[PDB]
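Engineer: all I have is the shape, not the residue letters:
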């Protein structure tokens, strides 16, 4: 149960509602966990900000991950 | 349960609403009496900030990257 | 549970709103009892900031690995 | 019980709000519950700072510490 | 209980607020409750400093103590 109330995407901003199926976590099996409910009131995304409403399923790269620089 | 009020993300920020399930959590125990109601009033993200609302499962890292040596 | 009011994350920062369960913490049953509640009024993180709103469950150590070791 | 007012974290700093449940703990009295009330008003950390607000359960010896008693 | 007004930990410094529960746990005592009340004014630790505000109960011999068998 992933629900949002008020979202405002401005300046090349995008918004997705549902779930994230990544090739790293097999195909779109659908319905695996759903142990916790997710609800958000107001989301503000400006300046190419990406709004993602829904649990993800991957592993190799958490949506946005490509760091190889060791500190 | 994961509930959030206001999340303000700008400057190429990324906001995710949901629990992260990596392939490392597949074929494993995802039920350990993890009963908790997490809620945040206002989240301010400026300068490529990353917001994660929910719990995660994995042993190949801690969402982000961190490694070094002790003393 | 966990409750947070004002959380500021800027300059390549990230905030986690949940519990962190490692792939080695799968030995828990199902039972209801008391549970502590941690709540913070304001969190100000600037410059590679990392906020963790929840409990940690790992066998390697803690959320960080820059210090300490085995025994 | 554990609560904080204002926490400042700068220069790759991290703050943990919860409790330390190491994978060294089993079902032999893990539900410690709210025994003590730890409350902090102002917390200022910068440069490899670690703010741990909560109790630690396990046989790791200690969450964070440099070494044993030196002479 | 444990109260702290101002705590500053900069330059590889960290702070911990809570009681330590060793793997040996409480070998006796059903009347679990806090007795002593410690409140610190202002803690200024810089340079690998560590602030320990809570009840010590580990079993090593540094910022903690134990009985053990002495021969």
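Structural biologist: Thanks, I have it. Numbers count the residues shown, from 1 in each chain, chains lettered A, B, ... in the order given.

Engineer: what's around the residue in chain A positioned nearest to chain E, how many residues?
Structural biologist: Residue nearest to chain E within chain A (Cβ to the nearest Cβ): residue A:71, separated by 14.8 Å. Every C-beta, even on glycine, is put in place using the N, C-alpha and C of the backbone. Neighbourhood size, residue A:71 [other Cβ atoms under 10 Å in any protein chain shown]: 10.

Engineer: quick one: contacts for it?
Structural biologist: By Cβ atoms under 8 Å, 6 or more residues apart in numbering or on different chains, the contact set of residue A:71 is B:67, B:68.

Engineer: distance of the spatially most central residue of chain A relative to chain B?
Structural biologist: Per Cα atoms, centre = their mean, the C-alpha nearest to the average position across chain A is that of residue A:52, at 3.6 Å. Distance check for residue A:52 against chain B: by Cβ to the nearest Cβ, to the nearest Å, it reads 5 Å.

Engineer: look up which residues are beta-bridged to that residue.
Structural biologist: Residue A:52 forms beta bridges with residue A:16, residue B:16, as assigned by DSSP bridges.

Engineer: so it touches residue B:15, yeah?
Structural biologist: Yes: Residue A:52 lies in contact with residue B:15 (Cβ atoms under 8 Å); the separation is 6.8 Å.

Engineer: helices of chain A, start to end?
Structural biologist: For chain A, none of the segments meets the definition of helices by DSSP state H.

Engineer: for chain C, give me its nearest residue in it.
Structural biologist: Counting by Cβ to the nearest Cβ, chain A gets nearest chain C through residue A:36, at 8.2 Å.

Engineer: what sits against that residue?
Structural biologist: If you count contacts by Cβ under 8 Å, 6+ apart, then residue A:36 has B:1, B:2, B:19, B:54, B:55 around it.

Engineer: leaving out the residues flanking it, which one is nearest to the third one?
Structural biologist: What it means is residue B:19. Closest residue in space to residue B:19, ignoring its immediate chain neighbours: residue B:54 at 3.9 Å, by Cβ to Cβ, 6 or more residues apart in numbering or on different chains.

Engineer: was I right about that neighbour contacting residue C:15?
Structural biologist: No: using Cβ under 8 Å, residue B:54 and residue C:15 do not qualify as a contacting pair, with a distance of 11.5 Å.

Engineer: tell me how many other residues crowd the residue nearest to residue B:19.
Structural biologist: Using other Cβ under 10 Å, residue B:54 has 25 other residues around it.
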